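For reference, the structure is listed below as structure tokens.
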Amino acid sequence: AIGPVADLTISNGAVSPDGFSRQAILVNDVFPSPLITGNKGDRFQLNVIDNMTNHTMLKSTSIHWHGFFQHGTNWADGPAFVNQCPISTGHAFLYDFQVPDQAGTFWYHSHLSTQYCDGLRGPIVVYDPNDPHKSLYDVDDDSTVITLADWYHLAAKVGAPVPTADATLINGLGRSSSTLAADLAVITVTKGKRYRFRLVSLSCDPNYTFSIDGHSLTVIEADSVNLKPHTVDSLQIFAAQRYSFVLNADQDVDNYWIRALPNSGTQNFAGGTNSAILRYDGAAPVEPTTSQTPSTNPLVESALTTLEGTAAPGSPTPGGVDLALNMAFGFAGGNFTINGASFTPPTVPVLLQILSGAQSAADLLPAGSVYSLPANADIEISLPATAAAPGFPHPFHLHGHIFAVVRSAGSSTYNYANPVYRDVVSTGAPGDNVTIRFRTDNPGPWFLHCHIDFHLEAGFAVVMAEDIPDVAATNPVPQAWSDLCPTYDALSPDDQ
Ligand SMILES: [Cu+2]
Ligand SMILES: [Cu+2]
Ligand SMILES: [Cu+2]
Ligand SMILES: [Cu+2]
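So for the sequence shown, the authors' numbering puts the first residue at 0; every next one is plus one.
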């Protein structure tokens with residue numbers, strides 16, 4: 000795969016991943032966006048060259064590298080109007096950052112409006128030559144990356160505000176109810192071998208219930224965090240989450256269905272929709288005729304644990320931290336709210352505001368949406384589910400961090416001893432009180448929001464301004480970053 004040094008040229012073109020042709024966003028002239036890889040310790044140098052001409056899908060762009068801490072490089076995180084101004088068409092921008100202490104499965108996507116839905120999204124893998132799980136599998140390569148994506152026949156700004164997907168794409172391919180003879184993705188394995196499959200949700204909205212006929216899945220990673228191995232027969236993956244699982248190809252040589260059931264839209268597999276094919280070497284090139292058996296051992300988040308059984312930060316009791324925050328969701332006026340405020344992008348990016356002198360949350364715009372966080376501190380955030388926030392379950396994501404999930408959705412228990420750690424978590428349904436903990440070791444403004452992009456567009460977000468007084472000194476910015484704002488602000492509205 001390309002990387003860790005590469006050019007990413009963004010353009011517009013026609014695509015047909017489900018047999019229906021529509022204009023979309025291409026990356027290096029292809030759809031879906033290409034896999035980028037590197038190795039632990041790498042410095043990534045990704046030059047984003049924006050050549051887009053379609054205003055409906057936005058000519059400007061900004062890319063987030065999902066899951067990377069970006070310590071010292073807050074300016075390269077990606078969220079438009081939080082960490083940068085967008086890159087303007089006809090221009091390029093170098094994202095230069097290092098990943099010294101992480102490895103695993105990640106992804107990249109536009110972080111400007113709902114643009115990633117239009118096609119700017121792909122997988123990233125950072126390999127570990129000393130992976131603690133390397134003995135569990137024989138094959139881990141470009142062909143073991145599996146992506147899941149929602150696809151729409153109308154563009155993000157053309158269809159409804161919260162549209163319903165027309166197809167599920169697996170590795171960029173799938174059928175729609177309108178298409179049924181479209182090509183399906185094929186994942187090939189050789190009997191007797193063990194594979195590390197890296198499952199990445201590039202979803203704008205739906206969650207997927209994933210399973211493979213006749214095979215169990217041994218989960219070993221969640222959102223770039225190494226787990227104790229946990230075997231399941233199905234798993235639910237929310238928007239932006241990642242899981243690595245080992246598959247032992249020990250069944251009979253044949254074709255097996257790979258299934259990804261969405262929580263909305265077409266909720267079945269008729270005609271081969273929401274599916275792909277697991278093909279053993281030797282099997283005829285036909286569709287599977289296997290059947291799905293009931294899942295009796297589904298993945299349960301509260302049962303996952305980190306490889307080392309790391310405790311949650313803080314003391315083992317509710318509120319046992321330095322700063323506890325509660326996020327109260329709401330919806331009014333067609334906009335989502337958190338503690339009464341709806342996020343709207345400011346004219347001046349939050350980072351630039353800080354660099355320009357703002358020293359407190361009350362000095363930062365947008366008002367009421369920014370939270371100051373103390374340095375070197377244990378933080379707890381509770382995100383209680385409520386019907387007052389339609390479209391639940393909302394998968395919340397915190398930038399610049401991994402966090403411990405001390406209470407998961409569908410569970411009433413709290414685990415401070417060995418909870419899973421991850422970066423995207425479902426907040427569940429009314430009755431739930433998903434709670435997370437993390438330590439503030441990364442100065443800068445970090446986005447915290449629902450990863451259903453249509454909800455983020457409707458304001459479902461806040462900014463965590465971590466250790467404000469140290470932001471400038473910790474994150475020196477390149478001249479090219481400083482140039483983004485004047486360039487963007489000079490554009491005609493038609494060229495945004
Ligand atoms: Cu993301
Ligand atoms: Cu992120
Ligand atoms: Cu949401
Ligand atoms: Cu984000």
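The beta carbon of each residue, even a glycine, is placed where N, CA and C say it ideally should be.
Three-way DSSP call (helix, strand, coil) for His454 in this model: Looking up residue 454 in the sequence shown gives position 455. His454: helix per DSSP, three-state reduction.
Cβ-heavy atom distance between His398 and ligand 2 below 7 Å? If you number the sequence shown from 1, residue 398 lands on position 399. Shortest gap from the CB of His398 to any heavy atom of ligand 2: under 7 Å.
Backbone secondary structure at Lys192 - three-state DSSP: Counted from its first residue, the sequence shown places residue 192 at position 193. In the structure shown, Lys192 adopts coil according to DSSP, grouped into three states.
Buried or exposed: where does residue 520 fall if 16 or more other Cβ atoms within 10 Å of its Cβ makes it buried? The structure shown does not extend to residue 520, since the chain is modelled only from 0 through 495, so no value can be given for it.
Can we count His63 as close to ligand 2, meaning its CB is less than 7 Å from some heavy atom? The residue you call residue 63 lines up with position 64 of the sequence shown. Answer for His63: yes, Cβ within range of ligand 2.
Going by DSSP in three states, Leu351 sits in which element: helix, strand or coil? Counting from 1 along the sequence shown, the entry for residue 351 is found at position 352. Secondary structure of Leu351 (DSSP, three-state): helix.
Are the beta-carbon atoms belonging to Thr208 and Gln235 less than 8 Å from one another? The residue labelled residue 208 in the question sits at position 209 within the sequence shown. The residue labelled residue 235 in the question sits at position 236 within the sequence shown. Yes, the pair counts as a contact, with Cβ atoms nearer than the cut-off.
Sequence-distant residues of its chain with Cβ nearer than 8 Å to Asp137 (five each side left out): As a working mapping, residue 137 is identified with position 138 in the sequence shown. For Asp137, where only same-chain residues beyond five positions count, the Cβ hits under 8 Å are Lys192, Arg193, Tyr194.
Going by the C-beta, is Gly66 closer than 7 Å to any heavy atom of ligand 2? As a first step, residue 66 is located in the sequence shown; it is residue number 67 there, counting from the start. For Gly66, the CB falls within less than 7 Å of some heavy atom of ligand 2.
Could you tell me if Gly12 is buried or exposed, where buried requires 16 or more neighbouring beta carbons within 10 angstroms of its beta carbon? As a first step, residue 12 must be located in the sequence shown, where it is residue number 13. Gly12 comes out exposed.
Apart from the five residues just before and just after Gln114, which ones in its own chain have a Cβ nearer than 8 Å to its Cβ? Locating residue 114 in the sequence shown gives position 115, counting from the first residue. Here the set comprises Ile24, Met56, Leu57, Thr60, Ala155.
Any residue with its C-beta under 6 Å from a non-hydrogen atom of ligand 3 counts. Can you list them all in chain order? My final list is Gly390, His393, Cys449, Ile451, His454, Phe459.
Measuring straight from C-alpha to C-alpha, what distance separates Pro287 and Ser20? Against the sequence shown, residue 287 aligns to sequence position 288. Against the sequence shown, residue 20 aligns to sequence position 21. Going from the Cα of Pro287 to the Cα of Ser20 covers about 26 Å.
What does the alpha-carbon distance come out to for the pair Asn432 and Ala408? On the sequence shown, residue 432 is found 433 positions in, with the first residue counted as 1. On the sequence shown, residue 408 is found 409 positions in, with the first residue counted as 1. The straight-line gap from Cα to Cα measures roughly 7 Å.
Answer yes or no: the CB of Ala79 versus the heavy atoms of ligand 1, is any distance below 7 Å? Numbered from 1 along the sequence shown, position 80 holds the residue referred to as residue 79. Outside the cutoff, so no.
Under 7 Å from any heavy atom of ligand 6, does the C-beta of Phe446 make it? Among the ligands in the structure shown, ligand 6 does not appear; only ligand 1, ligand 2, ligand 3 and ligand 4 can be found there.
Residue span of the beta strand (DSSP E) that contains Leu382, given as start and end: Locating residue 382 in the sequence shown gives position 383, where the first residue counts as 1. Under the DSSP assignment, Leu382 falls in the beta strand (DSSP E) whose first and last residues are 377-383.
Which whole-angstrom value is the C-beta distance of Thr304 and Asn417, which I expect to be below 8 Å? To locate residue 304, count along the sequence shown from 1; it is residue 305. To locate residue 417, count along the sequence shown from 1; it is residue 418. Distance from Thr304 to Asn417 at the Cβ level is roughly 5 Å; contact confirmed, criterion being Cβ atoms closer than 8 Å.
Could you tell me whether any non-hydrogen atom of ligand 1 is closer than 7 Å to the CB of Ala311? In the sequence shown, residue 311 corresponds to position 312, counting from 1. Closer than 7 Å to some heavy atom of ligand 1: that does not describe the Cβ of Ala311.
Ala154 Cβ short of 7 Å to ligand 1 heavy atom set: The sequence position of residue 154 within the sequence shown is 155, counting from 1. Checking every heavy atom of ligand 1 against the Cβ of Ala154, none is found closer than 7 Å.
Taking just the CA atoms, how far does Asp141 sit from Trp445? On the sequence shown, residue 445 is found 446 positions in, with the first residue counted as 1. On the sequence shown, residue 141 is found 142 positions in, with the first residue counted as 1. For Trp445 and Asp141, the gap between their C-alpha atoms comes out near 31 Å.
Among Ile467, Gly329, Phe395, the one whose alpha carbon lies nearest that of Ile435: Position 436 of the sequence shown, counted from the first residue, corresponds to residue 435. Between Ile435 and the set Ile467, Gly329, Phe395, the nearest pair of CA atoms involves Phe395.
Whose C-alpha, out of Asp466, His450, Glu465, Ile467, is nearest the C-alpha of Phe459? Mapped onto the sequence shown, residue 459 falls at position 460. Distances from the alpha-carbon of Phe459 to those of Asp466, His450, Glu465, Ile467 put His450 closest.
Identify the continuous alpha helix (DSSP H) that holds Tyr94 and give its terminal residues. Start at 1 with the first residue of the sequence shown, and residue 94 comes out as number 95. Counted as a single uninterrupted DSSP element, the stretch harbouring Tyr94 is not any alpha helix (DSSP H) but the beta strand (DSSP E) occupying residues 90-97.
Is it right to say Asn414 is buried, meaning 16 or more other beta carbons lie within 10 angstroms of its own, or is it exposed? Start at 1 with the first residue of the sequence shown, and residue 414 comes out as number 415. Classification for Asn414: buried.
Coarse secondary structure for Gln240, derived from DSSP in three states: Indexing the sequence shown from 1 puts residue 240 at position 241. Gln240: coil per DSSP, three-state reduction.
For a test of the three-state rule: what should DSSP assign to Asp488, helix, strand or coil? Sequence index remark: in the sequence shown, residue 488 carries index 489 (1-based). Residue state, collapsed to three classes: helix.
Residues near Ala471 by beta carbon distance below 8 Å, same chain, minus five either side: On the sequence shown, residue 471 is found 472 positions in, with the first residue counted as 1. Around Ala471: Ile353, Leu354.
On a CA-only basis, which of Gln97, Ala357, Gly390, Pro475 is nearest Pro162? Give me that one, please. As a working note, residue 162 is residue 163 in the sequence shown. Minimum Cα distance to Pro162 is reached at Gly390.
Does the Cβ of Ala23 lie closer than 7 Å to at least one heavy atom of ligand 1? In the sequence shown, the residue the question calls residue 23 occupies position 24. In terms of side-chain proximity, the C-beta atom of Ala23 is found no nearer than 7 Å to any non-hydrogen atom of ligand 1.
Any heavy atom of ligand 1 within a distance shorter than 7 Å of the CB on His108? Numbered from 1 along the sequence shown, position 109 holds the residue referred to as residue 108. Answer for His108: yes, Cβ within range of ligand 1.
Should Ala75 be listed as close to ligand 1, given that the test is whether its C-beta is under 7 Å from any heavy atom? Position 76 of the sequence shown holds residue 75. Every heavy atom of ligand 1 is 7 Å or more from the Cβ of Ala75, so no.
Three-state secondary structure (DSSP) at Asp100? Counting from one through the sequence shown, the residue named residue 100 turns up at place 101. In the structure shown, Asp100 falls within a coil segment according to DSSP collapsed to helix, strand and coil.
Okay, do the segment 25-42 and the segment 382-389 touch, 3+ Cβ pairs below 8 Å being the bar? No, they do not touch.
Runs of beta strand (DSSP E) lying entirely within the segment 403-442, each at least 3 residues, in chain order: Listed in chain order, the complete beta strand (DSSP E) runs (minimum 3 residues) inside the segment 403-442 are 423-425, 432-438.
Apply the 10 Å Cβ neighbour rule to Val47 and answer buried if 16 or more other Cβ atoms are within range, or exposed otherwise. By 1-based counting over the sequence shown, the position of residue 47 is 48. The residue in question, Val47, is buried, as its Cβ has 16 or more Cβ neighbours within 10 Å.
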